[PDB]
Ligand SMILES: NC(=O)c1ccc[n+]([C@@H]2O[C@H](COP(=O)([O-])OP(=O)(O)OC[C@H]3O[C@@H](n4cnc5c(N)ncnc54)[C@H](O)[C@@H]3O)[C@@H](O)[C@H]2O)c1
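Below you will find one chain, with nothing else, as structure tokens; this is the form solved without the named molecule, and questions on how it binds or moves follow later.
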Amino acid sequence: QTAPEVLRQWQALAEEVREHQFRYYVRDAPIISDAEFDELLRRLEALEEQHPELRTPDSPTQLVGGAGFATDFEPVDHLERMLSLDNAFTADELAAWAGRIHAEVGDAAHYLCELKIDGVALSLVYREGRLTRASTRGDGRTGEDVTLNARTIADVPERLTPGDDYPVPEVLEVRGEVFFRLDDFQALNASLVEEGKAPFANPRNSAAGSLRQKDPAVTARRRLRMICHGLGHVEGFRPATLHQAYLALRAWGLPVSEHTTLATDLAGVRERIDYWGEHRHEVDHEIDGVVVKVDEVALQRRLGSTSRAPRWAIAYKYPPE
């Protein structure tokens, strides 16, 4: 032994054991063989005999066979402020946003165009390629902890994948939208009603509810999705543009949309807006608009942000009906 190696070993093993208890109980998705887990738990037990100081009421072995997994929505701070978006509902407004952008920067700004998803915003933090925290927006500075619930979403990976061109960052704060596809929204409503529960009025309400469960196992059996669409605080990653950032996200395994395009001027922005006004109904989830961002990171830095919103992006919202 070495007391430092004792501690090292314990932590690692408890971490591995706790992760598997989560996969087996909270989700129904074990990733090792049913037999392999048993050795691990023995060892950890085997491990706390020698060193009884290690066994605590919070240890994977004692006091948590089956349980200890609950969400309490406690406040957690975002690394970088998570601002909301300013909206534009009319063509002049967008033109006016674009004019002002072109009074500050020139033709150097290109516009990334994405489909705005009407769901629940989620913020994930990855430390050394491992998911450590998932959070709701809250007030922009502080959100609620729903890490366990996010851990059940299929679209969200626990770990990031080692890129060739893209090395995993030391810290990555990534933002996205959590949502249901239409068919699954309906399906869940049926199931709920089948157990004498009230159904959800819309898919956004349904996703929010499904995410916010005190028992995350509930969340695991609901077909929630996620698309990433923004970055917060990052270390070890310095992308020149947002479009290029999406390439690294993809490489690492984060979910990204396939409907993003890059436009060079307002005319190009206008075509996408018009196009999706006519084609948004064909997407399988709710799109309530198009978000237009300035693609260059350095240009978004110069433009900055106000207390409530960024000045380098704007969301064009369509008529409700």
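Heads up: residue numbers just count along the shown sequence, starting at 1.
The discussion below concerns the form deposited with the named molecule bound, not included here.
In summary, the binding site of this form is open: after superposition of the surrounding C-alphas, the named molecule from its pose in the entry with it bound has no atom within 2.4 Å of backbone or C-beta atoms.
Only one segment in the set 217-225, 77-85, 183-191, 154-162 has any non-hydrogen atom within 4.5 angstroms of the named molecule in the entry with it bound, and it is 77-85. Although the partner is absent here, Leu44 lies well away from the named molecule in the entry with it bound, with no heavy atom inside 4.5 Å. Although the partner is absent here, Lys293 sits close enough that one of its heavy atoms falls within 4.5 Å of the named molecule in the entry with it bound. Taking the partner from elsewhere, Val256 is found to have every heavy atom lying beyond 4.5 Å of the named molecule in the entry with it bound. Although the partner is absent here, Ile32 lies within 4.5 Å of the named molecule in the entry with it bound, judged by heavy atoms. Listed residues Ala251, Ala121, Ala208, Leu131 were compared with the named molecule in the entry with it bound; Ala121 is the one with a heavy atom within 4.5 Å. Between the named molecule and the residues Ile117, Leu148, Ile101, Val125, the one pair within 4.5 Å by heavy atoms in the entry with it bound involves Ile117. Relative to the shown form, the Cα atoms of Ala154 and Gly66 move apart by 3 Å or more in the entry with it bound.
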